[PDB]
Amino acid sequence: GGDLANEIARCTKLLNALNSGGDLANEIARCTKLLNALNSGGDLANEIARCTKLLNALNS
Numbered sequence: 578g579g580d581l582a583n584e585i586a587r588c589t590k591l592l593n594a595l596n597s598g599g600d601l602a603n604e605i606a607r608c609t610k611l612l613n614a615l616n617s618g619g620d621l622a623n624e625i626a627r628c629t630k631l632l633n634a635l636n637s
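Numbering (this note's numbering), first residue to last: 578 to 637.
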């Protein structure tokens, strides 16, 4: 339930903590891509659309 910038930061931290066993490889890559979308030439709106479901699941 925080603002979106603080929620993306939290969500990144929770994925890395939960990936101790390598079980979130694809979710970490989607997260890293979105975090780097202003440098990568990516479509920031389309990546945030596809990642929304994960942010929603972990939103505080």
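Heads up, the beta-carbon is just placed ideally off N, CA and C, and yes, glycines get one too.
- Excluding five sequence positions before and after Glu624, the CB atoms of its chain that fall closer than 7 Å to its own CB belong to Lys610, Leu611, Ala614, given in chain order.
- Rounded to whole angstroms, the gap between the alpha carbons of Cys608 and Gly598 is 17 Å.
- Annotation for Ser637: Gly578, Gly579, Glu584, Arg587 place their beta carbon closer than 7 Å to its own, counting only its chain and skipping 5 residues before and after.
- In the three-state reduction of the DSSP assignment, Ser617 falls in the helix class.
- Annotated as distal: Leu621 and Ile605, with beta-carbon spacing of 9 Å or more.
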